[PDB]
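Peer 1: Got a structure for you, questions after.
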Amino acid sequence: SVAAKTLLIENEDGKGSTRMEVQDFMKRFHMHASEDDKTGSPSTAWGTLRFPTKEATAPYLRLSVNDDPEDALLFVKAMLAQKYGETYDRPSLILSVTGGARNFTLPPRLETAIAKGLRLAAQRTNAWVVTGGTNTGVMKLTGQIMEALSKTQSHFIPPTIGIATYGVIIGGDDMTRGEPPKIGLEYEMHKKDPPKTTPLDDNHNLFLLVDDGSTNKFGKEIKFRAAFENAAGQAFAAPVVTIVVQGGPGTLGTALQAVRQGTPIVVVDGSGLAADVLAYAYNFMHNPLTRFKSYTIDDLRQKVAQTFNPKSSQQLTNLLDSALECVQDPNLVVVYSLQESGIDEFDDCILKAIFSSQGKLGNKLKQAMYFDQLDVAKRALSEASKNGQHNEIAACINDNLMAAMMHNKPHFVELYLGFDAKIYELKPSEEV
Amino acid sequence: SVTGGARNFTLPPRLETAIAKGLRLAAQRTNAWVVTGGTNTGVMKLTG
Amino acid sequence: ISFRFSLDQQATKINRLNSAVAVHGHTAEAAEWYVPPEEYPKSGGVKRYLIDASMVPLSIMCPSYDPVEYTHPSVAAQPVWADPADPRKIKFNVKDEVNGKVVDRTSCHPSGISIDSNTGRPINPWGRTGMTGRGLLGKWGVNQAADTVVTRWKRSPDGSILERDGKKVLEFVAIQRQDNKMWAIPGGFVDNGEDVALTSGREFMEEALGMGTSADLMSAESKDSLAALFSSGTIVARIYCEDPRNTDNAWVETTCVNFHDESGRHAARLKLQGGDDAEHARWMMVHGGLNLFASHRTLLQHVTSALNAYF
Amino acid sequence: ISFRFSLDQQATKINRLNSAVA
Amino acid sequence: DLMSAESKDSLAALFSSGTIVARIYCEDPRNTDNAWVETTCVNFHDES
Ligand SMILES: Nc1ncnc2c1ncn2[C@@H]1O[C@H](COP(=O)(O)O)[C@@H](O)[C@H]1O
Ligand SMILES: O=P(O)(O)OC[C@H]1O[C@@H](O)[C@H](O)[C@@H]1O
Ligand SMILES: [Mg+2]
Ligand SMILES: [Mg+2]
């Protein structure tokens, strides 16, 4: 339709948005014409892509490796602010989906459980889902899960942000050429692009194409993706939860990076490969059940050797050492398994990962309210009460009661009112 | 005879409900004389 | 089922032949012998004289042996814990008094320490390292180190001890070293005029607990709990250390002291916080695939051998 | 559980150093 | 066919702990008065 000329970019104070011209704001993103180039030129590749059989268009931004992730975060906030107004539903959860690049088939019960839990978590927390954005494997699977969410729900649809390396994407030249922005640009996934062979997933709602001037090289967007998730987590005061489904050797290093920075991970057991390796390793080191007493480092080494097939013994030793290093802290890894947890317990695993993360008690009570787990909130309040954190309970009880009233949770309203919270002492969030 | 803390204290709601229900049932069934300290703080105020 | 397994493992718990030569062929790996890395730590790129692992022992001749003599500037500046530069007045293999303070100077090697006639420097009985001089080590000959392995059984919330391979699983306090960022057992060199008893406890409070200059003062009951924990220790091993700072004239030998908490009450009261020459400290699971600094895996093997734990 | 505890305590039931002076 | 590099290590681990249980005369039908078979028995037990 009519191309946008002005955008509401949020101020650094976090209290207001200023209206400014689109060409003025978008100048800060750079692109590289070739690998040799370092400084670059301003990006002419941004706009919206129209995918066949999809009603809505997805914004795309091609940005350099040296660009600030806060600027990209401002761009995503500006798109959401433009489409849904200034008072759009802020995310209380960032869901990072990592795993296998190549295509894989999962069992129907397991797929149904992952799909149901991810949809419930995304619709209850208005979560930002960050994946790789290509039309293969876990990214395509996550897109398929969120496709039903975009159909069954009206007004706000939780974003499926795809952060991909620009050098492998089919149709990059078509996206680059022209005068920006490109309103409703047709994306031809079946068009024969000669050097590149990886297309974008049509179910992702927003695209960040990270460019370094290289062609047909993967893994260039990992650091920016991690930085963007951390930046989003600091900005919205929301936990970042990584989800690991299948995965190769680099997924192990990605999970290792996630657990070293304090970010919790949810490992899907039974999906095969690196997820099975991570799940075995945790179960070997931490799980007290009987069927995990026969687990050994030798059988784990055999499992790593049969799945990842290393060339050398030293490579196998390093992979085994890294896998054991990821599950050192039992709080930061949550393993979801069908034969132990249950079909309708994946969202509970996501909530346990949220509670195991670093955050304030009031925010954790709000997350427990969103998932409708009254027992978890009762246990958290009792544990906080026993450990001498009564001051934080009294400090957050008013805001928790307010949040419980807004999100239609009457049992939580009764629970918060029972712990000496006066009804006539409520306070508004903003200042009149 | 109700004895305990002189200073004010907050109990969990389930525990408070259980103590209140049991003490009321015992007092109404036996026509019991409840002897406390009589001041408006703590366990005496709670018994009141 | 847990009890069915437990009862099953409760009953299974000159005439020795090794037939592995039939599968592989001719064997002779000789991987037991320790060879330190080429670049000396914290020396600014100073490199040793390389030696294959089949040339390390002193019984073998090796005529092409030309080690490099290097001493660190910190050791050469002469602090209180550093021996004098001329070792001719130092008496080895007996307890020697320097400035009225007792130093051990006895090695756990059965042959003993042999003294070179030309320079008076001691010769390492555990093999060649391709390097003479003291390096980063302050004392000629045996640098006595004490390591503190504070252990507890790895337990789940319900209170049951975790069991792997039919044996109970241990858990030890591990520190991340400041110099090389590898996890290790807390411990340090034995100071002049003091014994292993004071040294083991003092280094564990300074490094694992941060009780030197990096933490608040403990309560009167926590000190009694820590004293109760520290009153029952067993010396499990006294071995040579595969430490990369070792040279031909100065080598580290360790005495390992294990403080085991059977009930787990005293171990649970410890507030782990890295101090001194340690960045982070944590309760870590003991197993055979651990990648730790120097020969601490051998020390953990000795602890699990003594306690009949999983390794 | 009583038996789980009982079986757990049924398996735990010159080289001596006193480091309480530190 | 040739075994994998980890199966050979597993078989070597199995074969590294053997106990000679008996060294006896063999009731072999090919035995004669001037040539008889005597056996050494090696047991490789897999506890796990
Ligand atoms: N014989 C010794 N050799 C080396 N360092 C020693 C010795 N006795 C005490 N020390 C001290 O112990 C500290 C621990 O070593 P480091 O981990 O390198 O800091 C050294 O920095 C020295 O200050
Ligand atoms: O004195 P620092 O460097 O702190 O530690 C000495 C270590 O050097 C190793 O051989 C010993 O096991 C001992 O733990
Ligand atoms: Mg030291
Ligand atoms: Mg130390």
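Every chain in the structure tokens takes a letter, A first, then B, and so on in the order presented; its residues are numbered from 1, and the ligands are numbered from 1 following the presented order.
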Please list as a list in words every residue within 7 Å of residue 65 (chain A), counting only C-alpha atoms and excluding residues in the same chain fewer than 6 positions away.
Peer 2: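 Residues near the query, excluding close chain neighbours: residues 210, 211 and 212 of chain A.
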Peer 1: Can you work out which residues are within 8 Å of ligand 4, considering only C-alpha atoms and all ligand atoms, and then hand them over as a ChimeraX atom specification?
Peer 2: /C:177,186-189,203,207,277-278
Peer 1: At a cut-off of 12 Å, using only C-alpha atoms, what residues contact residue 147 (chain C)? Leave out same-chain residues fewer than 4 positions from it and give the result as a count of residues only.
Peer 2: 43
Peer 1: May I have the residues of chain D within 7 Å of chain C, counting only C-alpha atoms, written as a ChimeraX atom specification?
Peer 2: /D:15-22
Peer 1: So, with only C-alpha atoms as the atoms that count, which of A:315, A:48, A:385, A:131 lies closest to chain B?
Peer 2: A:385
Peer 1: Please identify every residue of chain C that has at least one atom no more than 7 Å from any atom of chain A, counting only C-alpha atoms, and report them as an MDAnalysis selection string.
Peer 2: chainID C and resid 1:2 156 162:165
Peer 1: According to DSSP computed on the backbone, where in chain E is there strand (DSSP E)? Give the residues as a ChimeraX atom specification.
Peer 2: /E:19-25,38-43
Peer 1: Pick out the residues sitting within 12 Å of residue 44 (chain B), and hand them over as an MDAnalysis selection string; count only C-alpha atoms, and ignore anything fewer than 6 positions along from it in its own chain.
Peer 2: chainID B and resid 1:9 34:38
Peer 1: Any chance you can output those residues with N, CA, C and O atoms as a short mmCIF file (atom, residue, chain, number, x, y, z; two decimals), in the first residue's frame?
Peer 2:
data_model
loop_
_atom_site.label_atom_id
_atom_site.label_comp_id
_atom_site.auth_asym_id
_atom_site.auth_seq_id
_atom_site.Cartn_x
_atom_site.Cartn_y
_atom_site.Cartn_z
N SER B 1 -4.99 -22.81 78.02
CA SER B 1 -4.01 -21.76 78.27
C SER B 1 -3.22 -21.46 77.00
O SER B 1 -2.60 -22.35 76.43
N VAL B 2 -3.29 -20.22 76.52
CA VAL B 2 -2.58 -19.86 75.29
C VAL B 2 -1.37 -19.04 75.68
O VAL B 2 -1.50 -17.95 76.25
N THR B 3 -0.18 -19.56 75.39
CA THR B 3 1.08 -18.90 75.66
C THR B 3 1.86 -18.79 74.36
O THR B 3 1.59 -19.50 73.39
N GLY B 4 2.84 -17.91 74.36
CA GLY B 4 3.65 -17.78 73.18
C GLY B 4 4.27 -16.39 73.09
O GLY B 4 4.65 -15.81 74.11
N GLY B 5 4.42 -15.96 71.84
CA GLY B 5 5.13 -14.74 71.51
C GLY B 5 4.42 -13.48 71.97
O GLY B 5 3.23 -13.29 71.72
N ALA B 6 5.16 -12.62 72.69
CA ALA B 6 4.62 -11.33 73.07
C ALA B 6 4.57 -10.38 71.89
O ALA B 6 3.60 -9.64 71.73
N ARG B 7 5.61 -10.37 71.06
CA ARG B 7 5.67 -9.50 69.89
C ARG B 7 4.76 -10.03 68.78
O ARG B 7 4.38 -11.20 68.77
N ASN B 8 4.36 -9.11 67.89
CA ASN B 8 3.48 -9.40 66.76
C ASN B 8 4.15 -10.31 65.73
O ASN B 8 5.35 -10.19 65.47
N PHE B 9 3.35 -11.23 65.17
CA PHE B 9 3.86 -12.19 64.17
C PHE B 9 2.77 -12.56 63.16
O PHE B 9 1.59 -12.54 63.54
N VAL B 34 -10.58 -19.96 78.10
CA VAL B 34 -9.33 -19.64 77.42
C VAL B 34 -8.61 -18.56 78.21
O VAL B 34 -9.14 -17.46 78.39
N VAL B 35 -7.42 -18.88 78.70
CA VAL B 35 -6.64 -17.95 79.51
C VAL B 35 -5.43 -17.52 78.69
O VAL B 35 -4.58 -18.35 78.33
N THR B 36 -5.34 -16.21 78.39
CA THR B 36 -4.19 -15.65 77.68
C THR B 36 -3.61 -14.49 78.48
O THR B 36 -4.01 -14.24 79.62
N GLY B 37 -2.65 -13.79 77.88
CA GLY B 37 -2.06 -12.61 78.49
C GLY B 37 -2.94 -11.37 78.44
O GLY B 37 -2.75 -10.47 79.26
N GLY B 38 -3.87 -11.29 77.49
CA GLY B 38 -4.81 -10.18 77.47
C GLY B 38 -4.41 -8.90 76.75
O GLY B 38 -5.22 -7.97 76.69
#
Peer 1: Within 10 Å of chain B, which residues of chain A show up when using only C-alpha atoms, listed as a PyMOL selection string?
Peer 2: chain A and resi 382+385+415+418-420
Peer 1: Distance cut-off 12 Å, counting only C-alpha atoms - which residues of chain A neighbour chain E? Return them as a PDB file with N, CA and C atoms, in the first residue's frame.
Peer 2:
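Saved the output as out_7.pdb:
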ATOM      1  N   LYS A 293      20.911 -45.104  36.218  1.00  0.00           N
ATOM      2  CA  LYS A 293      22.039 -45.616  37.005  1.00  0.00           C
ATOM      3  C   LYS A 293      23.033 -46.438  36.191  1.00  0.00           C
ATOM      4  N   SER A 294      22.628 -46.958  35.036  1.00  0.00           N
ATOM      5  CA  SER A 294      23.499 -47.687  34.127  1.00  0.00           C
ATOM      6  C   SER A 294      24.218 -46.783  33.137  1.00  0.00           C
ATOM      7  N   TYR A 295      23.968 -45.473  33.193  1.00  0.00           N
ATOM      8  CA  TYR A 295      24.624 -44.497  32.328  1.00  0.00           C
ATOM      9  C   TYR A 295      26.092 -44.364  32.710  1.00  0.00           C
ATOM     10  N   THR A 296      26.957 -44.385  31.702  1.00  0.00           N
ATOM     11  CA  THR A 296      28.401 -44.325  31.869  1.00  0.00           C
ATOM     12  C   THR A 296      28.975 -43.349  30.858  1.00  0.00           C
ATOM     13  N   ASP A 298      31.660 -44.025  29.102  1.00  0.00           N
ATOM     14  CA  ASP A 298      32.022 -44.882  27.964  1.00  0.00           C
ATOM     15  C   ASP A 298      30.886 -45.039  26.949  1.00  0.00           C
ATOM     16  N   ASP A 299      29.659 -45.283  27.443  1.00  0.00           N
ATOM     17  CA  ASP A 299      28.467 -45.370  26.599  1.00  0.00           C
ATOM     18  C   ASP A 299      28.101 -44.019  25.996  1.00  0.00           C
ATOM     19  N   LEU A 300      28.345 -42.936  26.756  1.00  0.00           N
ATOM     20  CA  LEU A 300      28.174 -41.560  26.286  1.00  0.00           C
ATOM     21  C   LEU A 300      29.136 -41.240  25.144  1.00  0.00           C
ATOM     22  N   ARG A 301      30.402 -41.687  25.278  1.00  0.00           N
ATOM     23  CA  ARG A 301      31.455 -41.540  24.264  1.00  0.00           C
ATOM     24  C   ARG A 301      31.103 -42.318  22.997  1.00  0.00           C
ATOM     25  N   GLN A 302      30.543 -43.533  23.182  1.00  0.00           N
ATOM     26  CA  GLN A 302      30.044 -44.387  22.096  1.00  0.00           C
ATOM     27  C   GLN A 302      28.881 -43.722  21.355  1.00  0.00           C
ATOM     28  N   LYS A 303      27.963 -43.090  22.117  1.00  0.00           N
ATOM     29  CA  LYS A 303      26.821 -42.343  21.577  1.00  0.00           C
ATOM     30  C   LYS A 303      27.259 -41.128  20.748  1.00  0.00           C
ATOM     31  N   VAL A 304      28.260 -40.367  21.255  1.00  0.00           N
ATOM     32  CA  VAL A 304      28.851 -39.202  20.568  1.00  0.00           C
ATOM     33  C   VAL A 304      29.536 -39.646  19.271  1.00  0.00           C
ATOM     34  N   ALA A 305      30.263 -40.782  19.340  1.00  0.00           N
ATOM     35  CA  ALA A 305      30.953 -41.382  18.194  1.00  0.00           C
ATOM     36  C   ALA A 305      29.978 -41.882  17.124  1.00  0.00           C
ATOM     37  N   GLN A 306      28.854 -42.488  17.536  1.00  0.00           N
ATOM     38  CA  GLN A 306      27.890 -42.965  16.545  1.00  0.00           C
ATOM     39  C   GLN A 306      27.077 -41.826  15.928  1.00  0.00           C
ATOM     40  N   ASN A 309      30.214 -38.645  14.556  1.00  0.00           N
ATOM     41  CA  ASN A 309      31.311 -39.330  13.843  1.00  0.00           C
ATOM     42  C   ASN A 309      32.615 -38.523  13.737  1.00  0.00           C
ATOM     43  N   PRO A 310      33.364 -38.265  14.839  1.00  0.00           N
ATOM     44  CA  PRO A 310      34.617 -37.494  14.731  1.00  0.00           C
ATOM     45  C   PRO A 310      35.728 -38.216  13.975  1.00  0.00           C
ATOM     46  N   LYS A 311      36.604 -37.416  13.361  1.00  0.00           N
ATOM     47  CA  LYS A 311      37.731 -37.969  12.617  1.00  0.00           C
ATOM     48  C   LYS A 311      38.809 -38.493  13.561  1.00  0.00           C
ATOM     49  N   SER A 312      39.070 -37.774  14.649  1.00  0.00           N
ATOM     50  CA  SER A 312      40.133 -38.101  15.584  1.00  0.00           C
ATOM     51  C   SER A 312      39.573 -38.287  16.989  1.00  0.00           C
ATOM     52  N   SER A 313      40.331 -39.053  17.790  1.00  0.00           N
ATOM     53  CA  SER A 313      40.000 -39.341  19.189  1.00  0.00           C
ATOM     54  C   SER A 313      40.015 -38.087  20.064  1.00  0.00           C
ATOM     55  N   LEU A 316      36.771 -36.216  19.677  1.00  0.00           N
ATOM     56  CA  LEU A 316      35.782 -36.937  20.481  1.00  0.00           C
ATOM     57  C   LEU A 316      35.906 -36.586  21.962  1.00  0.00           C
TER      58      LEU A 316
END
Peer 1: Running DSSP on the backbone, which parts of chain E land in alpha helix (DSSP H), as a list in words?
Peer 2: residues 5, 6, 7, 8, 9, 10, 11, 12, 13, 14 and 15 of chain E
Peer 1: Take the selection from the previous step and output its residues with N, CA and C atoms, as an mmCIF file, in the first residue's frame.
Peer 2:
data_model
loop_
_atom_site.group_PDB
_atom_site.id
_atom_site.type_symbol
_atom_site.label_atom_id
_atom_site.label_comp_id
_atom_site.auth_asym_id
_atom_site.auth_seq_id
_atom_site.Cartn_x
_atom_site.Cartn_y
_atom_site.Cartn_z
ATOM 1 N N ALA E 5 36.802 -48.419 15.357
ATOM 2 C CA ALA E 5 37.842 -47.992 16.303
ATOM 3 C C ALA E 5 37.400 -47.959 17.770
ATOM 4 N N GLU E 6 36.102 -47.837 18.047
ATOM 5 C CA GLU E 6 35.593 -47.868 19.412
ATOM 6 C C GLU E 6 35.214 -49.278 19.867
ATOM 7 N N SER E 7 34.776 -50.143 18.932
ATOM 8 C CA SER E 7 34.491 -51.549 19.223
ATOM 9 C C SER E 7 35.750 -52.338 19.569
ATOM 10 N N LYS E 8 36.870 -52.036 18.885
ATOM 11 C CA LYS E 8 38.177 -52.622 19.204
ATOM 12 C C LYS E 8 38.655 -52.226 20.601
ATOM 13 N N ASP E 9 38.438 -50.954 20.985
ATOM 14 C CA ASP E 9 38.747 -50.466 22.333
ATOM 15 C C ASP E 9 37.869 -51.127 23.393
ATOM 16 N N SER E 10 36.578 -51.341 23.067
ATOM 17 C CA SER E 10 35.641 -52.057 23.943
ATOM 18 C C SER E 10 36.049 -53.517 24.148
ATOM 19 N N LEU E 11 36.459 -54.191 23.058
ATOM 20 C CA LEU E 11 36.920 -55.581 23.104
ATOM 21 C C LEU E 11 38.245 -55.701 23.864
ATOM 22 N N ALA E 12 39.131 -54.701 23.695
ATOM 23 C CA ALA E 12 40.393 -54.616 24.430
ATOM 24 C C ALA E 12 40.162 -54.385 25.922
ATOM 25 N N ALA E 13 39.163 -53.549 26.257
ATOM 26 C CA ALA E 13 38.744 -53.325 27.643
ATOM 27 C C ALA E 13 38.185 -54.596 28.273
ATOM 28 N N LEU E 14 37.401 -55.358 27.491
ATOM 29 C CA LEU E 14 36.879 -56.663 27.907
ATOM 30 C C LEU E 14 37.998 -57.674 28.145
ATOM 31 N N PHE E 15 39.006 -57.671 27.280
ATOM 32 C CA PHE E 15 40.089 -58.650 27.301
ATOM 33 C C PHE E 15 41.224 -58.283 28.249
#
Peer 1: In Å, with one decimal, what is the gap from atom 3 (O, counted along the ligand's line) of ligand 2 to CA of residue 176 (chain C)?
Peer 2: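 For atom 3 (O, counted along the ligand's line) of ligand 2 relative to CA of residue 176 (chain C), the distance reads 11.3 Å.
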